[PDB]
Amino acid sequence: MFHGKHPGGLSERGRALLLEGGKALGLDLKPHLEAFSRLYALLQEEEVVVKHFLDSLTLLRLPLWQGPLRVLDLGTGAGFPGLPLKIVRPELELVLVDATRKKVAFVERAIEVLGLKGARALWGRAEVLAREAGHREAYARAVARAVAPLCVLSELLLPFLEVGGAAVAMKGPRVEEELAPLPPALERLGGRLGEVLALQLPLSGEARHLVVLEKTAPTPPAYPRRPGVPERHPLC
Ligand SMILES: Nc1ncnc2c1ncn2[C@@H]1O[C@H](CSCC[C@H](N)C(=O)O)[C@@H](O)[C@H]1O
């Protein structure tokens, strides 16, 4: 079984892995195979990418994605988790931000080639964008998948959220140390810790955590601090 090859897309084995992984998450990815297949072609190992599509799709284990919400994907890199999110939740109005121009260019290109409507890539720094009226507290959701610690991520994500909004920080197997000093820092930003959801990835069984930050009150004018300062002098 799964012998079929595919020059410009996911092989038969890759498609079947994505579908199986999808089902384990509770998703039917059949209507979306071609979009994911085209995304893979574009990223070009196969198994590794399908694992990234699926990790991105774990966001759907939280019921945060109903309707025409404005969503910010921060530090999206090659477009994760934002692009998989947008593929399966097409009503979301997505802005995918990255500080690296080539990444942004890749994302624009992916959006064009997948024919995604209501998604845009934006080149810029979180610290700068969050002090613009167009972006500050303009989003219902924000997401990031990043090595930058929760304390740092909170300062970068929270200022984008309208009150009542929520951010998801996608994290790996270990979150205890990053979480421990967090709640005081959230308070200063107008945030509250929501849920920390532990889960296992579909095919590998790797431990993951989704850390939900709730936006409780407006972020004071002092945050976020200047470009690179949150990273160098974390709030916690
Ligand atoms: N302050 C900031 N503003 C905008 N982008 C940032 C940023 N700090 C880091 N980044 C971007 O975040 C990305 C993290 S690499 C991770 C890529 C993608 N999120 C994934 O998980 O697959 C990098 O591409 C980097 O350019």
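We're numbering straight along the sequence, starting at 1. Side chains included, hydrogens not; waters and symmetry mates left out as well; all remaining heavy atoms used. Just follow the structure's listing: the first ligand is 1, and inside any ligand the first atom is 1.
From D98, atom CG reaches atom OG1 of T100 across 4.5 Å, with rounding to the nearest 0.5 Å. Between atom CD1 of residue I111 and atom CZ of residue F106 there is a gap of 10.5 Å, rounded to the nearest 0.5 Å. Atom-to-atom distance recorded for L193:CG and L213:CG is 6.5 Å, nearest 0.5 angstrom.
Distances from ligand 1 to the non-hydrogen atoms of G124 include at least one value under 4.0 Å.
With hydrogens and angles disregarded, a donor-acceptor distance shorter than 3.5 Å links the side chain of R131 to the backbone of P224. A distance-only check finds a donor-acceptor pair linking the side chain of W65 to the backbone of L59 [under 3.5 Å]. For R15 (side chain) and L10 (main-chain N/O), a donor-acceptor pair under 3.5 Å exists by modelled atom type.
Within the 4.0 angstrom cut-off, atom 9 (C) of ligand 1 has no protein heavy-atom neighbours. The protein reaches atom 5 (N) of ligand 1 closely, with a heavy atom under 4.0 angstrom from it.
Among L129, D98, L156, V143, the residue whose heavy atom lies closest to atom 26 (O) of ligand 1 is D98. Taking only non-hydrogen atoms, the option from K102, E127, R145, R101 nearest to atom 21 (O) of ligand 1 is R145.
Polar contact with ligand 1: present for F80 (N/O pair, distance under 3.5 Å). Looking at ligand 1, you'll find an N or O of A99 within less than 3.5 Å of one of its N or O atoms. Inclusion of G75 in the set of residues having an N or O under 3.5 Å from an N or O of ligand 1 is warranted.
Closest to atom 2 (C) of ligand 1, if we only count protein heavy atoms, is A126 N, 4.0 Å.
Shown in contact with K103 at under 4.0 Å from a heavy atom are these atoms of ligand 1, numbered in order with element: 24 (O).
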Trace of the side-chain contact (heavy atoms from CB on, under 4.5 Å) decision for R89 with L94: CA-CA 10 Å; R89 289 291 185 266; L94 190 55; over 6 Å; no
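Of the heavy atoms in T76, only backbone atoms (N, CA, C, O) come closer than 4.0 Å to ligand 1.
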